[PDB]
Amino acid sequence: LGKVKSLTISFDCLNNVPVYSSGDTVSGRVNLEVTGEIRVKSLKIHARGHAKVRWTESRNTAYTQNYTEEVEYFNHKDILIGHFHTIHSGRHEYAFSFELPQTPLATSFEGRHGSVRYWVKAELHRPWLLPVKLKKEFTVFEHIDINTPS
């Protein structure tokens, strides 16, 4: 058997910053470095954008209950491998490409308990091993429209 050394995600920028807008094609490669030899059930990507709010509330022998509320603006899945596949030592690259809705999207923002975030998640499934995921954030900002209603 072998083992996964590294799992990263590279973005093909439109420049060099991962900033995107409506109708834009977000693409890149899922990078996978491995020592020895591993078997892979599947390699999937999951893109999502949503508004998110964290808050905690104290109870009582006291403890703290954690809450999170999300509103989805965008969601997209795709498979890159399978759905076993064998991979040997060295670097491996797997290209991905999807597109953002031509409908207007929420702009990325970071408040103190509220935020809007977009990310691409890479999910690796292997026989007799727990699923491993890597989530990399990208920024979405709408381009100006001179025909905006009121």
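All residue numbers refer to positions in the sequence shown, first residue = 1.
Gap between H83 and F84: 10 or more deposited residues without coordinates.
Judged by mean Cα B factor in the deposited record, 62 to 70 ranks above the other of 62 to 70 and 26 to 34.
Checked against the record, the higher mean CA B factor of 111 to 119 and 45 to 53 lies with 111 to 119. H92 sits in the lowest third of its chain by CA B factor, as recorded in the PDB entry. Among the modelled residues of its chain, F11 has a C-alpha B-factor that falls in the middle third, as given in the PDB entry. Compared with the other modelled residues of the chain, the Cα B-factor recorded for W128 ranks in the highest third.
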